[PDB]
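Chains, contacts and geometry: an overview
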Amino acid sequence: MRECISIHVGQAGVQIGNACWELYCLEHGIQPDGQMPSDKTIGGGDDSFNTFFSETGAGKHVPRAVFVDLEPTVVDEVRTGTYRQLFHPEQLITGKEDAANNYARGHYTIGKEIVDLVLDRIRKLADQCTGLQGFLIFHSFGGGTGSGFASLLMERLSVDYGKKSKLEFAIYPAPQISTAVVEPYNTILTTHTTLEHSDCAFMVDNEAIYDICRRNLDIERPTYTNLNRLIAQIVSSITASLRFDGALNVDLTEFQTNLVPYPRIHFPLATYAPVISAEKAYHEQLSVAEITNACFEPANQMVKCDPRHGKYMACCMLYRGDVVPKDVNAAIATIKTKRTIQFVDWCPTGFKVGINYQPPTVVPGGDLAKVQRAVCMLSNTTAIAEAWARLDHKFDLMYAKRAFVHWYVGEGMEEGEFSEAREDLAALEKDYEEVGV
Amino acid sequence: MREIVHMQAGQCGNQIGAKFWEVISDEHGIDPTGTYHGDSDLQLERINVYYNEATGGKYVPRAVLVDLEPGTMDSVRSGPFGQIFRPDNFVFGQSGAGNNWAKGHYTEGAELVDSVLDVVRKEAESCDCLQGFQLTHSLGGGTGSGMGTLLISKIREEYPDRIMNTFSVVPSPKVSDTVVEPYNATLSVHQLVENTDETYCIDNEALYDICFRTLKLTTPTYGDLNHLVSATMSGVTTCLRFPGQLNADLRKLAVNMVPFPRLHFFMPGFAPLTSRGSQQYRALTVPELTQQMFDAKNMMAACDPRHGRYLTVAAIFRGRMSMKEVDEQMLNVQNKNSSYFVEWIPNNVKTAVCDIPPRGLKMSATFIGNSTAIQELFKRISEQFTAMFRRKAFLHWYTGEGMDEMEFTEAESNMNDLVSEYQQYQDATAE
Amino acid sequence: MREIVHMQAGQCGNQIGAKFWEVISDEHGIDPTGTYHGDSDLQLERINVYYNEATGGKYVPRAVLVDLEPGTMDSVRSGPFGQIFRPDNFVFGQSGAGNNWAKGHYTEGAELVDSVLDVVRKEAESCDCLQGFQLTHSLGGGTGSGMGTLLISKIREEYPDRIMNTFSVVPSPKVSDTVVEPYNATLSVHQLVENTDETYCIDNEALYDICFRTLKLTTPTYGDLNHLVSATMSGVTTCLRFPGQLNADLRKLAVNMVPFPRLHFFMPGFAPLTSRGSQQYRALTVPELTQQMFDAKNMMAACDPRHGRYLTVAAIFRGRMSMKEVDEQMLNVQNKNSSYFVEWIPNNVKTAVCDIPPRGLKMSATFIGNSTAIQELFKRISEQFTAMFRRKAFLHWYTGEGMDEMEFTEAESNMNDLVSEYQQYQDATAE
Amino acid sequence: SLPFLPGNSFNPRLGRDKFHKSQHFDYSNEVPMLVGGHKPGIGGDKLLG
Amino acid sequence: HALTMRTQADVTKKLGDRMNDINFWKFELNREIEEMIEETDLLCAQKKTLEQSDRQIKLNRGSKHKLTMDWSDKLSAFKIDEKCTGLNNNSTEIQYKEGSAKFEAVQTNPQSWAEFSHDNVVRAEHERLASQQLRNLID
Amino acid sequence: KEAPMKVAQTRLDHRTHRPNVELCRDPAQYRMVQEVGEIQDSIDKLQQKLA
Amino acid sequence: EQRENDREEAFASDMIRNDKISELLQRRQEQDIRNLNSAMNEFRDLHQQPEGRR
Amino acid sequence: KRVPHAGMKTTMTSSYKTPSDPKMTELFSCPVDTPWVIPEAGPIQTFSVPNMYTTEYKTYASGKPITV
Amino acid sequence: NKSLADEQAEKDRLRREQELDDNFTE
Amino acid sequence: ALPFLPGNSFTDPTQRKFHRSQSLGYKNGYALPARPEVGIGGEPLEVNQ
Amino acid sequence: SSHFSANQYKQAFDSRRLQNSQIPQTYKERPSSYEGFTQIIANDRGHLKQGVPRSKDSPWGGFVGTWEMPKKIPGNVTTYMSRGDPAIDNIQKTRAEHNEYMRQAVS
Ligand SMILES: Nc1nc2c(ncn2[C@@H]2O[C@H](COP(=O)(O)OP(=O)(O)OP(=O)(O)O)[C@@H](O)[C@H]2O)c(=O)[nH]1
Ligand SMILES: Nc1nc2c(ncn2[C@@H]2O[C@H](COP(=O)(O)OP(=O)(O)O)[C@@H](O)[C@H]2O)c(=O)[nH]1
Ligand SMILES: Nc1nc2c(ncn2[C@@H]2O[C@H](COP(=O)(O)OP(=O)(O)O)[C@@H](O)[C@H]2O)c(=O)[nH]1
Ligand SMILES: [Mg+2]
């Protein structure tokens with residue numbers, strides 16, 4: 001009955017999808033060939049996998065995912081990888097040319113090449129689903145397929161499916177870490193397109209997760225695998241209550257209601273605790289109050305945006321493990337009595353608590369230690385107006401000289417979309433300052 | 001043969017009512033497969049208050065499970081005492097309102113009320129007396145508040161004179177567990193005031209305080225909270241379900257509770273309650289039962305009764321006792337605490353005594369009280385509502401699902417009038 | 001000793017009647033070879049009603065099998081319980097109507113009705129009392145509708161006083177099953193109004209929801225669909241075959257329902273209906289049996305008697321039960337749902353009771369209703385007919401098979417007049 | 001499941017691959033007659049008579 | 001009744017843990033078999049010094065045979081533990097038999113059985129590395 | 001107690017067919033042999049009360 | 001009165017046993033569906049390899 | 001001469017490998033056994049209450065005085 | 001957690017040996 | 001060993017399987033409740049009908 | 001091209017519980033009733049004769065393809081609350097322009 005269709009667009013989205021589907025296969029006991037390990041006795045005759053893996057009449061558990069990227073490799077790496085038998089051949093869609101860090105290529109010329117095919121696959125998966133909780137779109141604002149085609153797919157999904165829940169996982173561009181030059185252009189255009197065609201877009205960024213891996217896990221070479229493993233743990237703690245028994249159950253259609261106060265303010269943060277290594281987990285108690293304080297500590301954030309400079313508007317706490325609601329209430333009340341954490345005056349009831357009995361899952365060969373309790377904290381501070389200001393300053397800095405505009409012009413968009421995108425983001429910044437005051 | 005039709009809606013409803021059914025089944029001697037392994041015939045004499053007779057010794061509960069989303073209903077039908085319910089009494093949707101009163105009341109929740117009323121009509125006309133309906137809902141949620149109050153309104157229109165008892169898990173002073181719970185609580189209590197004739201306000205912080213202080217319990221879990229709530233559900237029905245020296249059914253309780261039609265919010269209580277290693281210090285007697293009832297610690301609401309005035313109060317005792325002892329205890333409480341009771345009503349205590357105690361306990365007692373301290377709960381909800389409503393926050397999620405600001409304004413004014421009524425009856429003098 | 005002859009026309013009629021002879025051979029103890037292996041003598045005690053006796057112990061059915069192609073009758077003969085039918089009763093042609101009413105009524109069915117009439121005349125003069133005729137067909141096919149209505153017309157010309165029953169598998173509102181169903185149904189109903197004594201309009205979609213919701217069953221299959229239809233026929237006919245406290249044959253049924261001659265279109269219903277694994281929770285009482293009768297979801301037609309108004313209701317309780325429970329439940333359901341009942345007919349329910357329940361059942365109950373809600377079916381058919389006939393859809397087949405357009409206009413006018421009288425008797429008041 | 005009953009019937013055709021239908025009725029020269037009686041049932045299964 | 005049911009639950013849990021251990025070792029040395037086949041095919045392509053290649057390849061083929069011996073043993077143990085975990089009170093296969101509460105003669109510790117499988121895998125890895133060094137020597 | 005008594009016993013001898021090295025005295029057989037002794041012990045408590 | 005109640009209870013018990021037997025047969029038919037699907041997968045893996053196409 | 005360990009070995013194939021670890025048992029089953037057995041409430045526990053399941057109507061024509 | 005840290009240290013040592021081998025076959 | 005009275009319920013701290021089997025579901029367009037066969041964690045049900 | 005309702009059986013036969021989560025196609029349920037007989041308004045070719053009213057819509061229906069859809073979609077907001085007055089004017093203007101674009105593509 002619970003159904004989440006997971007669309008991974010972009011190279012970042014596809015790699016994060018690899019990590020998250022490895023995590024779900026491990027959590028539901030599905031081997032990489034897509035079958036139960038030659039037994040139907042683990043969990044009995046269970047169908048708790050139905051939230052992620054469609055099941056045929058023979059034991060093959062095909063997932064409910066669509067992996068889309070215009071460029072070859074990466075998706076073809078999934079095709080020729082260890083999880084080759086698990087994924088359906090039409091579930092992995094690949095074009096000929098690459099979007100090449102171009103929002104115009106992703107949105108007008110090359111993105112519209114594959115959008116009918118991707119929508120057809122999404123339609124078949126939705127018709128196979130017995131009642132959708134929503135879509136989970138994994139992408140990055142860096143540019144190209146994860147920006148232009150992601151915005152186009154969201155726009156067409158808003159056309160077709162109406163008021164269906166769309167939960168987004170965006171690798172937001174880091175404040176100083178960057179791997180491209182047109183990241184502000186692509187981010188401004190994608191945000192302007194997807195202000196109205198979105199519900200709740202969780203943000204992560206590579207710089208803050210690098211700092212997390214350096215400080216907590218003590219990894220001096222964090223590659224994208226570790227980053228995607230923490231993102232997989234975040235999305236698994238998000239979706240755990242649809243598939244595991246919990247004291248307080250939260251589903252996918254409550255994250256918009258409990259975290260979007262106003263229709264343009266739909267860009268929440270993300271935090272996971274306790275992100276810890278084995279030698280530090282041997283020392284630390286990792287109690288409920290400790291991890292609850294660690295979530296609101298302004299060093300465990302994964303968005304690289306100090307929330308002391310902003311005011312909390314909403315929070316969604318997702319506890320999992322052998323956590324008790326009595327200590328949950330005690331810790332979340334001590335946070336409210338604490339003065340470092342500051343809330344808006346118009347939201348006294350600013351928390352949504354969801355408790356799940358299932359302990360966190362330890363991947364083999366991973367970096368996180370084995371913990372009995374965990375919190376996935378989902379804040380909605382107005383501190384992100386700082387990041388919007390820095391991004392808008394970069395956009396104006398490259399836009400006054402009209403640099404890199406001729407690529408977008410030659411690939412199918414004029415100056416009007418640039419101008420109205422910057423106007424919309426300035427209006428968004430004024431909205432953030434107004435909702436802050 | 002006063003039947004009672006049970007209704008559990010929402011996640012909290014489907015948990016609390018399931019615990020209620022598995023604590024009623026042990027009192028009436030019903031095993032998990034549904035047969036009657038009873039000790040005395042007193043368990044079988046009044047089993048039709050909650051059960052319908054089936055083939056053999058099978059007794060099926062008269063409960064309706066309503067939810068817009070499977071989940072905890074699957075959990076309670078896969079746990080113990082979950083296969084006794086009839087599979088047709090499991091009306092479920094597919095989306096879920098999910099902390100949205102508008103989505104639970106004026107959307108896809110409204111295209112389940114036909115099936116729910118079909119099930120309720122079946123279980124209602126499969127009766128002969130039909131004392132009342134009771135609901136176990138969860139003010140602060142989507143399918144507990146909205147859909148539950150919609151069912152309350154429709155069934156109140158169908159059956160006006162029968163009892164419409166509700167058990168509302170109200171929002172907490174500290175900790176929210178839902179961002180939009182002031183909106184949900186106000187929009188649900190607006191329906192509750194005009195529709196229901198008696199409503200028991202259970203608060204999760206009060207349950208936590210009882211389990212942490214009277215019971216210690218280290219790690220309580222929601223099972224013990226639901227057990228406390230369920231014990232007080234059974235405490236107001238034990239007079240119907242077993243013979244006593246002084247019987248008082250739900251209608252007698254309502255008549256001796258509410259002085260005015262808009263004062264039907266009580267604070268329940270169950271007070272044989274000891275710690276783990278505290279049996280050696282309390283040899284249970286009627287006087288310490290009464291002082292544990294009237295103690296502010298063992299009140300299942302955040303409303304301190306010392307910050308108010310007891311309009312009326314009822315006490316349903318179970319077990320073996322002396323009526324002289326019971327009446328002298330309540331008179332002694334009233335005479336010592338004169339200012340905590342309204343002076344224009346003499347003997348605010350309505351006593352009922354049933355001979356049959358709960359199993360294990362020698363004798364028990366259930367406390368319910370209509371006091372003017374519930375204005376603190378309604379005033380806190382009004383304060384949070386007017387904090388969230390001035391800036392129009394989290395309100396497009398309601399007006400896009402299809403309502404208007406006039407309903408919010410009317411609900412706020414209704415609850416303010418409720419606060420004003422409680423305040424004017426708190427400080428009213430005799431002459 | 002009152003004999004009735006059974007005719008099957010078309011694919012639907014052939015399969016439904018084959019299942020009907022299967023179930024009424026099972027309840028009479030007839031093995032597939034044709035002999036008798038029943039337990040009690042009551043099974044063969046009134047065996048003359050449905051079976052003719054050959055030499056020895058052979059009991060052939062009193063059935064006529066009509067289809068323009070060997071086809072479905074070939075499957076029936078090469079199916080179980082297919083060897084009991086006499087090979088001389090299989091009347092078939094060579095061409096086969098291509099879902100064409102004009103072909104089944106004017107071209108292909110014209111030069112086969114003589115052979116069918118000779119078979120029917122012989123098999124009816126073999127009778128001793130000859131109560132009447134019953135025909136199974138659909139109003140959506142070529143030889144089911146056209147040849148069936150031609151048979152009805154010729155048989156009413158032959159024997160004008162005998163009872164006529166049709167089982168009339170009507171087109172469904174949802175899905176299609178044939179694209180020329182409005183033409184076939186409009187041309188067949190125009191014959192059924194002026195030539196049938198009673199007509200049970202049976203809907204595939206209503207039977208689908210009956211077989212899939214109230215019986216679960218996952219894959220329903222036409223075996224179970226036709227068996228539900230056959231169970232309704234057995235419950236209708238049973239007072240001829242088994243004794244009871246208050247018996248009622250076909251003429252009693254037709255007299256006590258049909259108020260005015262062109263209002264003999266009924267909705268059948270069989271109401272023991274237990275889902276898989278809910279018999280443990282089932283109570284098995286007369287009030288529950290009557291409640292499962294008088295539920296709108298249990299009708300075998302798409303029309304809603306809650307939308308319409310009941311004219312006459314016939315209930316046959318086939319089994320052992322009490323006149324107390326039966327009569328008081330009929331009175332209670334009437335007095336509660338007096339809105340869905342005509343006031344100018346006081347106590348508009350006929351009650352019949354048999355004594356032999358189905359094998360494996362304690363009690364059964366067949367439901368027949370003559371509500372004014374059945375005008376919705378004819379409104380659907382007539383509106384689809386208008387939408388096709390305005391643009392002359394598929395009309396070249398009917399005109400090229402030698403048949404004019406004034407036949408279509410007269411059929412539509414008769415159906416619209418039928419809806420007019422049904423609405424008139426719905427909204428007419430007492431005084 | 002021993003009594004017949006509405007809906008209490010299962011599938012004997014389960015797992016079968018052949019569903020061949022034999023022509024039991026045909027016109028020999030001009031008259032209709034049962035040309036079967038020596039032909040099997042559905043899928044080649046033997047009949048009774 | 002409570003004690004007998006709860007002991008049965010503990011027995012089923014321990015059988016499930018044993019089944020997981022069998023499945024892990026099964027998959028591990030099956031993967032080792034696959035790498036042995038792939039390395040053998042590469043050595044065949046490199047062969048197409050010759051006597052040394054023949055000896056090393058024969059050692060590889062024998063190590064693959066020993067791994068397959070172990071795989072058959074673990075597959076048989078897995079199919080046994082499947083039905084032993086699946087059996088319960090309601091199942092019909094449950095049967096009278098004579099006194100079977102015995103500890104047999106010469107049995108293995110779990111650590112000794114895991115050590116035997118680990119030594120098989122280590123010997124296969126040594127043969128694989130030797131064949132890789134032989135391929136590098138040829139090239 | 002008749003069902004769980006033979007659930008143990010049928011499980012033992014079916015686990016004696018482990019071919020060469022899988023015949024293991026794992027920490028499942030230790031609890032499983034004790035189950036045979038315990039259920040027979042608990043039968044004797046019931047039969048003593050039955051007598 | 002005892003004979004009336006005994007007849008009603010005996011009929012009811014026959015109902016329960018028939019429904020339980022029917023449900024068990026339905027579960028066996030579902031397992032047969034799974035077995036036929038596995039056999040079809042084995043037939044596709046055996047007789048329908050891409051090299052076997054003409 | 002290509003380097004042996006980091007020569008041709010893709011990141012996903014070296015990191016997103018098939019899961020294989022001897023500690024998969026602890027993922028879904030605790031090695032610590034549960035330290036209790038709990039039966040249902042019994043007759044000696046529901047009848048330890050003095051004069052249990054009797055009412056005040058039973059003292060009529062009983063012959064015993066009322067000390068309850 | 002002790003076993004996890006021990007095998008992570010062993011994997012780190014094997015990493016160091018492999019990277020040293022790559023550096024010296026450069 | 002204990003009566004069912006408020007704080008006399010003990011939960012197992014060892015189990016970590018949990019999950020949730022989907023029993024109540026939809027097929028075609030209708031509510032099939034379906035018989036539950038798996039508890040919370042694959043443990044057998046205390047009642048088997 | 002019609003459903004004409006199912007009375008009791010509206011629990012099923014809606015697209016959301018028929019596993020079709022897209023936007024439903026709305027039909028005309030609760031069918032009407034006529035008095036009898038129809039005008040023929042068509043020849044033996046399916047053509048509409050001279051005089052009958054004809055729809056101004058396209059005879060091939062309306063299906064705006066991917067490459068003729070407008071490059072801007074409004075957002076499906078249907079709330080108009082807590083927005084500025086220029087914001088509401090902008091949403092209404094772009095709704096009108098995109099509806100005009102779809103009408104241009106259809107006809
Ligand atoms: N967390 C995480 N971020 C990634 C990963 N891969 C890429 N990114 C981020 O994605 C941003 C660039 O977007 P890409 O996904 O590479 O671009 P694209 O979606 O493939 O579209 P094109 O550039 O046209 O090919 C970079 O700034 C990275 O921060 C990954 O594996 N994990
Ligand atoms: N007493 C009690 N309260 C509960 C239980 N489950 C949830 N709640 C409370 O219900 C509130 C959440 O409401 P929710 O169940 O999500 O409402 P719904 O979405 O309409 O079902 C929280 O504040 C919890 O404190 C329970 O089992 N017992
Ligand atoms: N209930 C039921 N309906 C049937 C069966 N076979 C056909 N029908 C219905 O009959 C209609 C088609 O009529 P058809 O049998 O082709 O008539 P014919 O062409 O004159 O033989 C369809 O709407 C079907 O729903 C059956 O075995 N059972
Ligand atoms: Mg790329």
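Residues numbered from 1 in each chain as written, not as in the entry; some residues may be left out. Chains lettered and ligands numbered in written order. Part of a larger assembly, values for the part shown. Heavy atoms only, no water.

In the PDB header, cryo-EM is given as the technique by which the entry was determined, and 3.3 Å as its resolution.

1. A few points about the overall build of chain B
In terms of regular secondary structure, chain B is built from 16 helices and 12 strands. Here the C-alpha radius of gyration of chain B, 21 Å, is about what a compact globule of 431 residues would show, namely 22 Å. If one aligns the C-alpha atoms of chain B with their principal axes, the spans along those axes are about 60 × 60 × 45 Å. Every one of the 431 residues in chain B was classed for burial, and the buried ones make up 69%. Taking the intrachain contacts of chain B between residues at least 6 apart in sequence as the baseline, contacts between residues at least 24 apart amount to 81%. Of the accessible surface of chain B, which amounts to about 13,400 Å², a share of 50% is contributed by carbon and sulfur atoms. Computed over 37 positive and 53 negative side-chain charges, the separation of the two mean positions in chain B equals 6 Å. (Helix = DSSP H or I, 4+ residues; strand = E, 2+ residues; numbered from the N terminus. Rg over C-alpha atoms; globule rule 2.2 N^0.38 Å. Buried < 20%, exposed > 50% of the residue type's maximum accessible area, 1.4 Å probe, protein only. Contact = heavy atoms within 4.5 Å. Areas by Shrake-Rupley, 256 points an atom, 1.4 Å probe, with all protein chains shown as cover. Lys, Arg positive; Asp, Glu negative; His and termini not counted. Charge placed at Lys NZ, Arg CZ, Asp CG, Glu CD.)

2. Some words on the site of ligand 2
All names here are of chain B. Taken together, 16 residues are adjacent to ligand 2, and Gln-11, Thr-143, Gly-144, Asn-204 and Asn-226 come closest. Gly-144 is positioned with one of its backbone polar atoms (N or O) 2.4 Å from an oxygen atom of ligand 2. A total of 580 Å² of accessible area belongs to ligand 2 in isolation, and the protein chains cover 94% of it. Broken down by secondary-structure element, the contributors of at least two residues to the shell around ligand 2 are α1 (10-27), α8 (204-214) and α9 (221-235). (Near = heavy atom within 4 Å. Polar contact = N/O pair within 3.5 Å; in protein donor to acceptor, adjacent residues only side chain to side chain.)

3. With respect to the interface of chain J and chain C
Chain J puts eight residues into the contact, and the matching count from chain C is eight residues. Per-residue buried area on chain J facing chain C is highest for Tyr30(J), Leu32(J) and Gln49(J); these three make up 69% of the total on that side. Counting the contacts that link chain J with chain C gives zero salt bridges. Looking at the side of chain J that touches chain C element by element, the count peaks at three residues for strand β2 (residues 30-32) of chain J. Partitioned by chemical class, the residues of the side of chain J that touches chain C number four nonpolar, two polar and two charged. (Buried area = accessible area lost by both parts, 1.4 Å probe. Salt bridge = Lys/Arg side-chain N within 4 Å of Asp/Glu carboxyl O. Nonpolar A, V, L, I, M, F, W, Y, C, P; charged D, E, K, R; others polar.)

4. Quick notes on the packing of helix α13 (residues 375-390) of chain C against helix α15 (residues 405-427) of chain C
Residues and elements named next belong to chain C. Viewed as axis vectors pointing N to C, α13 and α15 meet at an angle of 150 degrees, and their least axial separation amounts to 10 Å. Classified by the interaxial angle, the pair formed by α13 and α15 is roughly antiparallel. The two elements α13 and α15 meet at a crossing, and its hand is left-handed. Side by side, α13 and α15 meet where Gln-375, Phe-378, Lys-379, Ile-381, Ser-382, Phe-385, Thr-386 and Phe-389 of the first sit next to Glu-405, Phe-408, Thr-409, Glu-412, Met-415, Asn-416, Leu-418, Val-419, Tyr-422, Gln-423 and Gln-426 of the second. (Axes fitted to C-alpha atoms, helices over the stretch in contact; angles between N-to-C directions. Parallel < 35°, antiparallel > 145°, perpendicular 65-115°, else oblique. Left-handed = near helix turned anticlockwise from the far one by under 90°.)

5. A closer look at the pairing of strand β6 (residues 132-136) of chain C
All names here are of chain C. When you tally the buried positions in β6, you get five out of five residues, the bulk of the element. Neither face of β6 is exposed, since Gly-132, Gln-134 and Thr-136 on one face and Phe-133 and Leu-135 on the opposite face are all buried. Where strand β1 (residues 4-9) and β6 come together, five bridges link them in parallel fashion. Bridging across to β6, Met-7 finds its partner in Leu-135. Of the pairings in the sheet, the one linking β6 to strand β7 (residues 163-166) comprises four bridges and is parallel in character. When the sheet's bridge partners are listed, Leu-135 is paired in β7 with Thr-166. Crossover connection from β6 via helix α6 (residues 143-158) to parallel β7: handedness right-handed. (Pairing = 2+ DSSP bridges. Right-handed = clockwise from strand over helix to strand, strands pointing away.)

6. Topic: the arrangement of the chains
Taking contact number as the criterion, the leading pair out of 24 pairs of chains in contact is chains A and B. Chain A shows no contact with chain F. Their nearest C-alpha atoms sit 16 Å apart. Spatially, chain F is disjoint from chain H: no contact exists, and the shortest C-alpha separation is 11 Å.

7. Some thoughts on the pairing of strand β11 (residues 351-356) of chain A
All names here are of chain A. Counting buried residues along β11, six of its six residues qualify, which places the element largely inside the surrounding structure. Going residue by residue along β11, you find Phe-351, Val-353 and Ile-355 tucked away on one face and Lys-352, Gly-354 and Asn-356 tucked away on the opposite face as well. Pairing between strand β10 (residues 312-321) and β11: six bridges, direction parallel. Within β11, the residue paired with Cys-316 across the bridge is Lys-352. Assessed by its sense of winding, the connection that carries the chain from β10 through helix α11 (residues 325-337) to β11 is right-handed.

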